[PDB]
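Engineer: There's a structure below that I have some questions on.
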Amino acid sequence: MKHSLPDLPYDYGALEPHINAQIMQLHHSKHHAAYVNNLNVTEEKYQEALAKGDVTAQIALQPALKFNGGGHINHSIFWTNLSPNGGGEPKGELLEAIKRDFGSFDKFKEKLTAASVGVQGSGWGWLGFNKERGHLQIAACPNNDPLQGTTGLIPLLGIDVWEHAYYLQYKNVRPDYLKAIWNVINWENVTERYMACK
Amino acid sequence: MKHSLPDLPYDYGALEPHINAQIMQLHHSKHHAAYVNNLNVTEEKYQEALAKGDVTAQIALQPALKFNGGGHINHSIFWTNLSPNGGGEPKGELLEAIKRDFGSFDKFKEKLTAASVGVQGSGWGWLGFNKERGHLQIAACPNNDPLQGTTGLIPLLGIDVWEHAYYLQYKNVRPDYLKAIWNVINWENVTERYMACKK
Ligand SMILES: [K+]
Ligand SMILES: [K+]
Ligand SMILES: [K+]
Ligand SMILES: [Mn+2]
Ligand SMILES: [Mn+2]
């Protein structure tokens with residue numbers, strides 16, 4: 001009945017040298033912890049305002065709900081999208097879909113990189129599934145706005161481009177972080193999410 | 001719970017010739033009614049989502065909640081802000097505050113007119129009360145975003161500048177609508193809302 005912080009499925013240092021253990025520990029144990037806690041606080045406030053029919057209070061809570069709820073949604077997916085066992089290319093129908101919809105795996109990587117580099121301020125780049133069209137789709141989201149809740153696309157792979165996702169290690173050079181992160185993408189998890197859509 | 005469409009404080013033609021009866025009837029019986037109906041549907045969907053801990057669903061419902069919920073909030077205030085016995089100027093402490101914060105009643109009208117005419121697309125112009133600062137403040141809101149829920153200001157007087165608020169009568173000439181509406185402002189209601197902000 002309450003949202004909880006999922007354990008990281010690997011050690012804080014498991015993604016070194018691509019994302020260092022200081023980032024992983026802060027990102028999970030400080031940043032995500034705060035979203036979950038503030039999400040639960042906001043949800044309780046929203047339950048009270050709903051039961052009273054206080055629409056002003058409901059609307060005033062929307063920023064916190066989207067930001068912290070989106071934070072919890074996005075980071076929960078993000079941790080499973082990475083793995084010490086990741087890197088390389090997907091296989092099977094996910095790879096065939098990537099080649100069909102984006103031309104090639106490398107072309108897909110440069111489109112998702114571009115979407116991720118192009119976020120001005122805080123946000124996320126996403127590979128999603130468009131269930132209406134039955135094909136893959138790339139989108140960028142601001143701050144912690146979550147993909148499915150704001151666009152209807154089913155999330156397959158997210159890349160956090162908030163500065164806390166990379167700054168300690170890569171400083172201002174966001175492209176260096178994006179170069180590195182391809183080495184730890186958990187294509188097994190992205191594949192499972194894709195198959196679940198179809 | 002279940003929100004309801006409030007009765008109008010007067011009949012649909014009571015604000016003529018400034019806002020014609022066809023507009024008032026559509027505005028209350030069709031537009032506000034739809035906000036209530038869609039607000040109730042959206043609240044029930046949010047109750048289901050909360051019980052499931054479905055945060056995606058909660059967030060997907062926010063546009064409909066803000067739009068219809070804000071529509072309900074704003075129009076409920078709007079109807080009480082107008083009156084067949086309105087027009088003229090406020091008195092007492094509200095008039096004192098208007099002179100103090102905007103210089104004069106006429107300069108206040110200019111500023112609220114300008115904010116309302118300046119909305120690009122659908123929206124509202126508002127005179128509000130800033131509780132933190134203890135003075136009056138003019139703001140504009142897009143679409144049906146409600147004043148207090150999005151800015152913290154307490155609404156005193158709102159002017160709907162959605163096209164459905166004036167188009168049938170004034171067509172594209174929103175400034176003529178703004179000039180006419182001053183004739184039906186219920187300063188008694190605005191005063192009540194102001195006094196409530198500070199006792
Ligand atoms: K590196
Ligand atoms: K006339
Ligand atoms: K009058
Ligand atoms: Mn993050
Ligand atoms: Mn309206």
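Numbers here mean position along the shown chain, with the first residue as 1.
Method on record in the header is X-ray crystallography, 1.5 Å.
In case you wondered, yes, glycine gets a Cβ from its N, Cα and C as well.
The annotation Mn(2+) binding site is assigned in Swiss-Prot to A:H27, A:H75, A:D160, A:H164 on the grounds of experimental evidence. Feature annotation from Swiss-Prot assigns 3'-nitrotyrosine to A:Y35; the stated evidence is experimental evidence. What Swiss-Prot records for A:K45, A:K52, A:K99, A:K107 is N6-succinyllysine, and it gives similarity to another entry as the kind of evidence. Among the features that Swiss-Prot reports, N6-acetyllysine is placed at A:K45, A:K52, A:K91, A:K99, A:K107, A:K179.
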Engineer: Setting A:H27, A:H75, A:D160, A:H164 aside, what same-chain residues sit with their Cβ within 8 Å of the center of the Cβ atoms that define the Mn(2+) site, listed in sequence order?
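Structural biologist: For the Mn(2+) site the neighbour list reads A:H28, A:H31, A:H32, A:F78, A:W162, A:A165.
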Engineer: Rounded to the nearest angstrom, how far is the Cα of A:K52 (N6-succinyllysine) from the Cα of A:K107 (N6-acetyllysine)?
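Structural biologist: So the Cα of A:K52 (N6-succinyllysine) lies 52 Å away from that of A:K107 (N6-acetyllysine).
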Engineer: For ligand 4, list the modified residues among A:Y35, A:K45, A:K99, A:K179 whose CB atom is within a distance below 6 Å of it, in sequence order.
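Structural biologist: Passing the 6 Å Cβ check against ligand 4: none.
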Engineer: Starting from each candidate's C-beta and looking 10 angstroms out, tell me which of the recorded positions A:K45, A:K52, A:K91, A:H164 has the most other C-beta atoms.
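Structural biologist: Top count of Cβ atoms within 10 Å goes to A:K45.
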Engineer: By a simple count, how many Cβ atoms lie within 10 Å of the Cβ of A:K107 (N6-acetyllysine), its own Cβ left out?
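Structural biologist: Other Cβ atoms found within 10 Å: 13.
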Engineer: As a test of the contact definition, list every same-chain residue at least 6 positions from A:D160 (Mn(2+) binding site) whose Cβ is closer than 8 Å to its Cβ.
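Structural biologist: In sequence order, A:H27, A:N74, A:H75, A:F78, A:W124 meet the Cβ cut-off.
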Engineer: Would you identify the secondary structure of A:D160 (Mn(2+) binding site) according to DSSP, in three states?
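Structural biologist: Reduced to three states, the DSSP call for A:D160 (Mn(2+) binding site) is strand.
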Engineer: Just the number: how many Å between the Cα atoms of A:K52 (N6-succinyllysine) and A:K45 (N6-succinyllysine)?
Structural biologist: 11
Engineer: Taking only the Cα atoms, work out how far A:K45 (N6-succinyllysine) lies from A:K91 (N6-acetyllysine), in Å, as a whole number.
Structural biologist: 45
Engineer: For A:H164 (Mn(2+) binding site), identify the closest of the modified residues A:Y35, A:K91, A:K99, A:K179, judging by Cα separation.
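Structural biologist: Checking each of A:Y35, A:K91, A:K99, A:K179 against A:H164 (Mn(2+) binding site), the shortest Cα distance is to A:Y35.
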Engineer: Taking each of the recorded positions A:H27, A:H75, A:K99 in turn and counting other Cβ atoms within 10 Å of its Cβ, which one has the fewest?
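Structural biologist: With the recorded positions A:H27, A:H75, A:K99, fewest surrounding Cβ atoms within 10 Å: A:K99.
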